[PDB]
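Below is one structure; the comments refer to it alone.
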Amino acid sequence: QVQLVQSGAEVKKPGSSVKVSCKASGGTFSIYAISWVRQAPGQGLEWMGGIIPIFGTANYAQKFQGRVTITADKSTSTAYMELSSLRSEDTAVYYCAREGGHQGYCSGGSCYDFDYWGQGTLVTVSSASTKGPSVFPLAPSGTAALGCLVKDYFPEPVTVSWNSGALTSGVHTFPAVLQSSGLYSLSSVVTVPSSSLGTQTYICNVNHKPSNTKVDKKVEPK
Amino acid sequence: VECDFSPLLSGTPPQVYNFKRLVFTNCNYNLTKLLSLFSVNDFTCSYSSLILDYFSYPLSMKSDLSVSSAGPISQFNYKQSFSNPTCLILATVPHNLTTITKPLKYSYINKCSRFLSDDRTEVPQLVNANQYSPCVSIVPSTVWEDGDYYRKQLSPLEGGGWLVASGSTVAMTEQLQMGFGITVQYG
Amino acid sequence: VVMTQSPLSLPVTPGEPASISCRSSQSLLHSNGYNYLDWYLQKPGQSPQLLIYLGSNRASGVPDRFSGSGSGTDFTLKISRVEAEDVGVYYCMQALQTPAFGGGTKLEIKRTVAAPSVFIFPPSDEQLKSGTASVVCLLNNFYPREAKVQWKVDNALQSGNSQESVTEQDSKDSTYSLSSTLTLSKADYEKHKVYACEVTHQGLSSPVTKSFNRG
Ligand SMILES: *[C@@H]1O[C@H](CO)[C@@H](O)[C@H](O)[C@H]1NC(C)=O
């Protein structure tokens, strides 16, 4: 059926403007209503605005009126959302969504049965510069627990692995938290047999693609 | 023999894009006699046969009901011939004319376009004289809500692509207001 | 138009029915005879997806288990027999003019009460040489999600200098894990001796304390 492919993640300075794209495939692009919806981390969905390309008529929620511009280009079947005067509260995943296309008509000008969703675009508004994490061990004290503190990185995301993926049972990698410094931090922990601590090597693999750094960190009892 | 106006004195007059056409030949008729049953507000004017079109129409849109206007009424709803004598009359149904009934609201077509099967070319469908908009097949006799978007995928025989229209509404007035379009063919 | 969705969270025993309610501040019934109310599900880490549109119309490919009902201001989403796949956040959305979502209902799998295993981690000497000390308190594999972790240094409560985060519900044992991280400057950390996190949870008879002395 319909496919919606969005542009990639962005990092924006406060006060600037961001423009996200959504390329649609399947069906007559100009005929169907497209909306933009955002989701701040840990928060609910929020409708921003929408457009029907053949009309060029865009509407917006009152909260975003004057800061958001939604456009559409039938030559590439792409919708755009531009949001200006970015504040840290605008850090969010931005989704494009399209009507399912089978309502007989669109009441009031627009259909909103969002049967099709893009994959989302993370927009991070921050003054921080790209920075790889420091990796500190969480040394173990039946079953023992050990981990790695992956601290002070920017932006999201980081992936963590243990022993190059060979250890997956009992692994918990917690969601990152935004620290007051503007840098992210998370911990990854794993429970292991207390007896194997003197023979088994436990290595943390931390990958931060935005800084193009993958590092390994051995965790051992003190 | 007298021309009978009875078809328009009973029932609910259609909206402008569904204008009802009465054609009169071989009978006598006095337009002022017909208008004596209404409260006439405005008229503009620029035998073989008399053509009388009538419809519900709000007096607040009187500037749109004009050969001159590049507005949606003359572009997409109703257009008279430019080569024959014509008149346009806006009138109100008086309270003692009880058999003309009111529609829920006034409606008109705000946009009517084809979107061709090249998926690129939009073609506004300008109404011709003495014709209905191509979009009367997809716009209901009363528009549900101001701004409604109507659409239909056409068949190959119909030329492919899509037909789209946008509808507008105006609140009903306390007394129904009407438009009359008159064209005469002189021999 | 204000949409009030309840409850905020909904633990459901697998196989049992569930119901979510949405109340609108004004009628959603349009003159064309439809109620303009949709239901969406967002599974963890995924884009939202449509379940019900126009009050009671099931979207394509949505299993018969989901149904929507209601007219005017009160609407209900019903799931006949809840399944692991159904976990996530459910949102109602009114579409009468300008779309607006309700606050969401988090549906999770209900299981027996499980106490957390508590572990405490001193900051490594490596981190201390950078000027900051992080102390980590780990609550492992517990249910329900509600838990309280308080930090005390030399028996004095710490406030404003800790952050916590929780995992998503495990799809195998239906448990949660939580970490709490206390951040102090190097100078502040070396000015005290006893560091403890105190864990209160439903599955614990009394608050459990894990502590260490700097050294
Ligand atoms: C009464 O009907 C006559 C037509 O016979 C019309 O001219 C007049 O305006 C009407 N008056 C009222 C008050 O409705």
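Observations on the model:
- Of all residues in region A:104-139, those being under 24 Å from C:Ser180 (Cα atoms), more than 9 Å from every other protein chain (Cβ to nearest Cβ) and surrounded by 18 or more Cβ atoms within 10 Å (Cβ to Cβ) number 3.
- Count of region C:44-65 residues, restricted to those that are loosely packed, with under 12 Cβ neighbours inside 10 Å and farther than 18 Å from A:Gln3 by Cα, is 3.
- Given (1) in a loop (DSSP other than H, G, I, E, B); (2) under 30 Å from A:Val37 (Cβ atoms), index of the condition C:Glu164 fails: (1)
- Checking C:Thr105 against (1) touching a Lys or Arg at 6+ places or on another chain (Cβ under 9 Å); (2) assigned by CATH to the domain that holds C:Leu41; (3) among the β-branched types (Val, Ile, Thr), the condition it does not meet: (1)
- Residue count, region B:24-49 (criterion: among the β-branched types (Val, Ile, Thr), loosely packed, with under 12 Cβ neighbours inside 10 Å and away from the ligand (no atom under 16 Å from the Cβ)): 1
- Screening C:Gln94 against (1) of a type in the set (S, T, N, Q); (2) more than 8 Å from chain A (Cβ to nearest Cβ); (3) surrounded by fewer than 19 Cβ atoms within 10 Å (Cβ to Cβ) leaves a single unmet condition, (3).
- Cβ separations smaller than 8 Å between residues 6+ apart or across chains give no pair from region B:37-56 residues that are within 14 Å of chain C (Cβ to nearest Cβ) to residues that are assigned to a strand (DSSP E or B) and more than 16 Å from the ligand (Cβ to nearest atom).
- Residues considered: A:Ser180, A:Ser187. Of these, the only one that is part of a loop (DSSP other than H, G, I, E, B) and under 30 Å from A:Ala128 (Cα atoms) is A:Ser180.
- Taking residues in region C:181-193 that are away from every other protein chain (no Cβ under 14 Å), and partners anywhere that are exposed (fewer than 12 other Cβ atoms within 10 Å of the Cβ), the pairs with Cβ atoms closer than 7 Å and at least 6 places apart or on different chains are C:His192/C:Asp154; C:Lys193/C:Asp154; C:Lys193/C:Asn213.
- Residue count for region C:97-113 satisfying the condition of being surrounded by fewer than 21 Cβ atoms within 10 Å (Cβ to Cβ), of a type outside the set (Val, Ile, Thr) and in a loop (DSSP other than H, G, I, E, B): 5.
Table: residues versus (1) acidic (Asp, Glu); (2) in contact with a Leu (Cβ under 7 Å, 6 or more places away or on another chain); (3) more than 11 Å from chain A (Cβ to nearest Cβ); (4) part of a loop (DSSP other than H, G, I, E, B).
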| site | (1), (2), (3), (4) |
| --- | --- |
| B:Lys102 | no, yes, yes, yes |
| B:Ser107 | no, no, yes, no |
| B:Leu126 | no, no, yes, yes |
| B:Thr142 | no, yes, yes, yes |
| B:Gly147 | no, no, no, yes |
| B:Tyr150 | no, no, no, no |
| B:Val170 | no, no, yes, no |
| B:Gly187 | no, no, yes, yes |
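Ideal geometry is used to build each Cβ from the backbone, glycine not excepted, and the neighbour counts take in all protein chains shown. Basis: the model, the stated rules and, where named, an outside source; these are not laboratory values.
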